[PDB]
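The listed protein sequences derive, respectively, from chains C, G, D and B. In terms of PDB author numbering, the first sequence is residues 1 to 381. In terms of PDB author numbering, the second sequence is residues 1 to 49. In terms of PDB author numbering, the third sequence is residues 9 to 159, 254 to 340. In terms of PDB author numbering, the fourth sequence is residues 9 to 159, 254 to 340. In what follows, a structure is listed as structure tokens, so that the remarks can point back to it.
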Amino acid sequence: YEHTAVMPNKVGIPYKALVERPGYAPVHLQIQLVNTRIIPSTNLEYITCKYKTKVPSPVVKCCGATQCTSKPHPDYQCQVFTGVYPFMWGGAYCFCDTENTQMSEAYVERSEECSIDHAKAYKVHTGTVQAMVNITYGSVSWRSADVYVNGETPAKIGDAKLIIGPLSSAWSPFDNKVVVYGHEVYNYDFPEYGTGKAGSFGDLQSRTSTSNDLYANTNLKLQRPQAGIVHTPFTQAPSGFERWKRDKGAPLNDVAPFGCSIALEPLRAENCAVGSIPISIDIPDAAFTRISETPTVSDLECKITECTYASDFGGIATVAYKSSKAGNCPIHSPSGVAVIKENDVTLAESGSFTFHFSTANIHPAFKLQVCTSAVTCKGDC
Amino acid sequence: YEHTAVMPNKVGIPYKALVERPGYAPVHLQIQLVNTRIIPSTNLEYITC
Amino acid sequence: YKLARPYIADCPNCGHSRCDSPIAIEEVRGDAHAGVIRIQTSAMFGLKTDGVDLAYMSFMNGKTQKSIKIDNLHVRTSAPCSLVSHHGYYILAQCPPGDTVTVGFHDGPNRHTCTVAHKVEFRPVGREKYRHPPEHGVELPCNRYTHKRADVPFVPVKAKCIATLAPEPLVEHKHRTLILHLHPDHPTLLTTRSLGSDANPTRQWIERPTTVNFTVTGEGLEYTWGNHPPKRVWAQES
Amino acid sequence: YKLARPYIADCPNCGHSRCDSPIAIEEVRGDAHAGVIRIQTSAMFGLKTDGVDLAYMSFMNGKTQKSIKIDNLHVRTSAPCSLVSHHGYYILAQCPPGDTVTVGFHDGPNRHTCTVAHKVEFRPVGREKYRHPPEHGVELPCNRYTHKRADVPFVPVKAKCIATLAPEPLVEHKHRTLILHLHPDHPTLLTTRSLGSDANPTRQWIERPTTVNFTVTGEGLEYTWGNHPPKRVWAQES
Numbered sequence: 001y002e003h004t005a006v007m008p009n010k011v012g013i014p015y016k017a018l019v020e021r022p023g024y025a026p027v028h029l030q031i032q033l034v035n036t037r038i039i040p041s042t043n044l045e046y047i048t049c050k051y052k053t054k055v056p057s058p059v060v061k062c063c064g065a066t067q068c069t070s071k072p073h074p075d076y077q078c079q080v081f082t083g084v085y086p087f088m089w090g091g092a093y094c095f096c097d098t099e100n101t102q103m104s105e106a107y108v109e110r111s112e113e114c115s116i117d118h119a120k121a122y123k124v125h126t127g128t129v130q131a132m133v134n135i136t137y138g139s140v141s142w143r144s145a146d147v148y149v150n151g152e153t154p155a156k157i158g159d160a161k162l163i164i165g166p167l168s169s170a171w172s173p174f175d176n177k178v179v180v181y182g183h184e185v186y187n188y189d190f191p192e193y194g195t196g197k198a199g200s201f202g203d204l205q206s207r208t209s210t211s212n213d214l215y216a217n218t219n220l221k222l223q224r225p226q227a228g229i230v231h232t233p234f235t236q237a238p239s240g241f242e243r244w245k246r247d248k249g250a251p252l253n254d255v256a257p258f259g260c261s262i263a264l265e266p267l268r269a270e271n272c273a274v275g276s277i278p279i280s281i282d283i284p285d286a287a288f289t290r291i292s293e294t295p296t297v298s299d300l301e302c303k304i305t306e307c308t309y310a311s312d313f314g315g316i317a318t319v320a321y322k323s324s325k326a327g328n329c330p331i332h333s334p335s336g337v338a339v340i341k342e343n344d345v346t347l348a349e350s351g352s353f354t355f356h357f358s359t360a361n362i363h364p365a366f367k368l369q370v371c372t373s374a375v376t377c378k379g380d381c
Numbered sequence: 001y002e003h004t005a006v007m008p009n010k011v012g013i014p015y016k017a018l019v020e021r022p023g024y025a026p027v028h029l030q031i032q033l034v035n036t037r038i039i040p041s042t043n044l045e046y047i048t049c
Numbered sequence: 009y010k011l012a013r014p015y016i017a018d019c020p021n022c023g024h025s026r027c028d029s030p031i032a033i034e035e036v037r038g039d040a041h042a043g044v045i046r047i048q049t050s051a052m053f054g055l056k057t058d059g060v061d062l063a064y065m066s067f068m069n070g071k072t073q074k075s076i077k078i079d080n081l082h083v084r085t086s087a088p089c090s091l092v093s094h095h096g097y098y099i100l101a102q103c104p105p106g107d108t109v110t111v112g113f114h115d116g117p118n119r120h121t122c123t124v125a126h127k128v129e130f131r132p133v134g135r136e137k138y139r140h141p142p143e144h145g146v147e148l149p150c151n152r153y154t155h156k157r158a159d254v255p256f257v258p259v260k261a262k263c264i265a266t267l268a269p270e271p272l273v274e275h276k277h278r279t280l281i282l283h284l285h286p287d288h289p290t291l292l293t294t295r296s297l298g299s300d301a302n303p304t305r306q307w308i309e310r311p312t313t314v315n316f317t318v319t320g321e322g323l324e325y326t327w328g329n330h331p332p333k334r335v336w337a338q339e340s
Numbered sequence: 009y010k011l012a013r014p015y016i017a018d019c020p021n022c023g024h025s026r027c028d029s030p031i032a033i034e035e036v037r038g039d040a041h042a043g044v045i046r047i048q049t050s051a052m053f054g055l056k057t058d059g060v061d062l063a064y065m066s067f068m069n070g071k072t073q074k075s076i077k078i079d080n081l082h083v084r085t086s087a088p089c090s091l092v093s094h095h096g097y098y099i100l101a102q103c104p105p106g107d108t109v110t111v112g113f114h115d116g117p118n119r120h121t122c123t124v125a126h127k128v129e130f131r132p133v134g135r136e137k138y139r140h141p142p143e144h145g146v147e148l149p150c151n152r153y154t155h156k157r158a159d254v255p256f257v258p259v260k261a262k263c264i265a266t267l268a269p270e271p272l273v274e275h276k277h278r279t280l281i282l283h284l285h286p287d288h289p290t291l292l293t294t295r296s297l298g299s300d301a302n303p304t305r306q307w308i309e310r311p312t313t314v315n316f317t318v319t320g321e322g323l324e325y326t327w328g329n330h331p332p333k334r335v336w337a338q339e340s
């Protein structure tokens, strides 16, 4: 029998639910969504990391002008300064006076090391959402099935035939352009590789930062060196990557709606408690705890003996009952702000079974069900 | 379970009370003051002898 | 493997006005949050005339592969320092702060010693960077680099450095509401979001006993206390 | 009389490949706002083979327990320190914080130093926290040490120790009101109260030529103007 229940995405908190099937009392169903991963397809746009500015020695042409030739360095910038150095002595040595001409060249590369202090710029196109759905059916055993939240791959697993109809909200860690550092993940726009931003993120761009043959813009401004030294001095705009890492006021990591650990796999939202998850659980008729077999539930009452106010499972209550035929009845609360710890209760002829519950109310009012029979539990803490 | 009671210093009647708690039958409380020592801190002003 | 030959290089200050040194540091990586240093020297360490050794270096100074013992050419801060690994053209050493490394020969009246002021770099590895190793707390992942060579530059790695810890967010449970009395002894970044239906998007830098109250829906919340990656509590009285 | 003598010891922090050092320290007290520091050393000044002198030391310098006059065994913070008195087991020198006391050998081109860290708590306990002793101005609460021997340790003391200052406020009494024309060249904690019955509980740190008017009861007022303990003025009308 295929039975469709909806578990609120409570990560780590098992959701008690009842499997109703005609003229058969409920089946113990506890569903815990262990993990939801929104994983989108990532096309890597570029690496950015702590750059190192590299100053090569400048080309001085004695007795004539120096022309700049473009070089494939990432923020290669040159400027030609004429008449920099007199003939001989200080500066360049030359026969000619102010015919000395300097090309002052410099560039940025990625540092010696970058693989732990780098961000990755990704264009992101549409993904898949996986859900690790732990479905227990019949009695406590905590079976679990990876199942696509998408229609692509329903779990045809032996741990019930599971279809996960799409989660009501499945958090999107992506927009179109996302930068991931994974210590601070940002939905963050940038121009596609080959075009960067100067002194803002994309300060260094690559697609595998290795030093040289990367593309950068960082607003490198060579300065003219006063005579008596031959070298290339420069000013530059601040590092955009370093500024970007510190732009944590609450990254994508902290704005996640129902809380998700936005993570660098390349960009995915881990451990979301987002939405509520449609769960189609095939509970076979063979796993029923039905009234029409050994269960029969009559005369049900809930007494709460003590409780800790709105606690993890600090509620202690006892459900006293009568059975015409002893069985095992599933203890449950269809709430998502309250769950019963156990999902089974030994229904007996005149028994009492003390069950532990959780509620989100100071005075815990949760609807407790054994089998097909329902009671309300209240206060008395 | 905390139950806060006040016992008369009377050994004639030792003060009997019941502790109620929901879904339970009460608890024996009989309270007898066996001994009282009122002890204050004393700063000596002087001896006379 | 290493095979980039020893060389000499000008170092800003040696002797008095001496600057014609070998063994001179060109570049430094300080990716470590520990007091270890990755050094790029003109001179090649970890190679003598015999090829690859573990306690010999080579330099020019009128030579091209002439070697000495790593104790003859001794690293120092203002006291000796012993290197740990050689990766050719790069040295990696322990020198007390890892923020001042002086590689020098204090042999005879001509005293060439190069010093480069090295650095310790702290960068996110949790959701925040963290301070230098202390007595307090326990080791956590840090930015770092390899501390043994391949048989030329050492490669970045995440290794473990002692984090400054202090009391983590002392949670005080209340009716589906969590005030977090946090008591740093050191600059810690407090990041939150709820893991209930709500969210608590709050980065704040904290130091010393403070409170930061957050809402919850009775369905958990995350507090990251920077130097760690997310820590999560879920539907207690959360 | 001292019951212990110097010895070689593993240093808490010394240069790597020199940590097998001579000359070491046990404990130091620097809880004082005094410029002087009380040292319990194992590289002892105030101990020769004959015991207590005022200008002699003993050490095991990688040699044996023997003495010479102060020369090779130097106290330092990280810069020189001049001893004041030596008392056998305990040494007294000025090395102001007392959280870092460094016993080091300063001969030859090399710089050998063992440094010992200490478990000092130096906190406010005065009416203000202030600079260590110079020579100038009026004192403030400290917890100095004795500056002569009794041969074993130097005793703990609370007194007042020197502080710098600048010309004291130009006071003007007038009708129930007192203006303090101030000329700090140095940060002063200004605490006020009237001494009649008016509370005026007013702390402020001041620096630079400014004025600060205060109410008076007409029955004096205290203004403490930092780097002095309470100063008080009075009159029939103030």
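Just so it is clear, CB atoms sit at the ideal spot from N, CA and C, and this is done for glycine as well.
Between B:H114 and B:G54, the C-beta spacing is not below 8 Å.
Minimum Cα-Cα distance from B:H144 among the listed residues B:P269, B:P258, B:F130 and B:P132 corresponds to B:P269. Scanning its chain for C-beta atoms nearer than 7 Å, with the 5 sequence neighbours on each side dropped, one finds around C:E20 the residues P26, in chain order.
Of all C-beta pairs linking the region 182-202 of chain C to the region 232-247 of chain C, three or more are shorter than 8 Å, placing the two stretches in contact.
At a cut-off of 3 residues, the continuous stretches assigned as beta strand (DSSP E) that sit fully inside the region 127-204 of chain C are 144-148, 177-180 and 185-187. With a cutoff of 8 Å on beta-carbon distance, C:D254 and D:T304 are scored as near each other.
Just so you know, the alpha carbons of C:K120 and C:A106 end up roughly 25 Å apart.
Contact annotation: in the region 20-47 of chain G, residues whose CB is within less than 9 Å of a CB in chain C are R21, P22, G23 and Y24. In the three-state scheme derived from DSSP, where H, G and I count as helix and E and B as strand, C:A286 is classed as helix. Out of C:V84, C:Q77 and C:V11, the CA that lies nearest to the CA of C:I229 is found in C:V84. When DSSP states are grouped into helix, strand and coil, C:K245 belongs to the helix group. Under the three-state reduction of DSSP output, C:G327 falls in the coil class, being neither helix nor strand. Here B:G112 is buried. Its C-beta has 16 or more other C-beta atoms within 10 Å.
Among the CB atoms of chain D, none fall inside 8 Å of the CB of B:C89. Fewer than three Cβ pairs drawn from the region 37-45 of chain D and the region 16-28 of chain D lie within less than 8 Å of each other, which leaves the two stretches out of contact.
Neighbourhood of D:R135 in chain C, by CB distance below 9 Å: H183, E184, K248, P251, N253 and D254, in chain order. For C:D146, the closest Cβ of chain G is not nearer than 8 Å. Residues of chain D with a Cβ closer than 7 Å to the Cβ of B:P117 are, in chain order, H114 and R119. By the Cβ-count criterion, C:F174 is buried, with 16 or more other Cβ atoms from all chains shown falling within 10 Å of its own Cβ.
What C:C114 touches in chain D, judged by beta-carbon distance under 7 Å, is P258, going in chain order. Residues of chain D with a Cβ closer than 8 Å to the Cβ of B:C103 do not exist; the shortest Cβ-Cβ separation is about 17 Å. Taking C-beta atoms as the reference points, C:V60 and C:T69 fail to come closer than 8 Å. Any Cβ of chain C closer than 8 Å to the Cβ of D:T266 would place that residue at the interface, and such an atom is absent.
A check of alpha carbon separations from B:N315 across B:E321, B:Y325 and B:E309 identifies B:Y325 as the nearest. The Cβ-Cβ distance between C:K16 and C:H332 falls below 8 Å. Of all residues in the region 302-322 of chain C, only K303, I304, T305, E306, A317 and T318 come within less than 9 Å of chain G when Cβ atoms are compared, listed by chain position.
Annotated as proximal: B:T319 and B:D300, with beta-carbon spacing under 8 Å. Annotation for D:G112: the continuous beta strand (DSSP E) segment containing it runs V109 to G112. For D:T85, the chain B residues whose C-beta falls within less than 8 Å of its own C-beta are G23, listed in chain order. Here C:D285 is exposed. Its C-beta has fewer than 16 other C-beta atoms within 10 Å. Contact note: D:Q338 reaches chain C through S311 and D312, using a C-beta cutoff of 7 Å and chain order. Annotated as distal: D:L282 and C:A273, with beta-carbon spacing of 8 Å or more. Distances from the CA of B:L100 to each of B:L267, B:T49 and B:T317 were compared; the closest alpha carbon is that of B:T49. Not one beta carbon of chain B lies nearer than 8 Å to the beta carbon of D:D58. Setting aside the 5 residues that flank it on each side, C:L368 is surrounded in the same chain by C302, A317, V319, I331, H332, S333, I340, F355, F357, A374, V375, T376 and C377, each with a C-beta closer than 8 Å to its C-beta; the list follows chain order. Using a C-beta cut-off of 8 Å, the region 151-170 of chain C makes contact with the region 267-283 of chain C, since at least three inter-stretch Cβ pairs fall below that distance.
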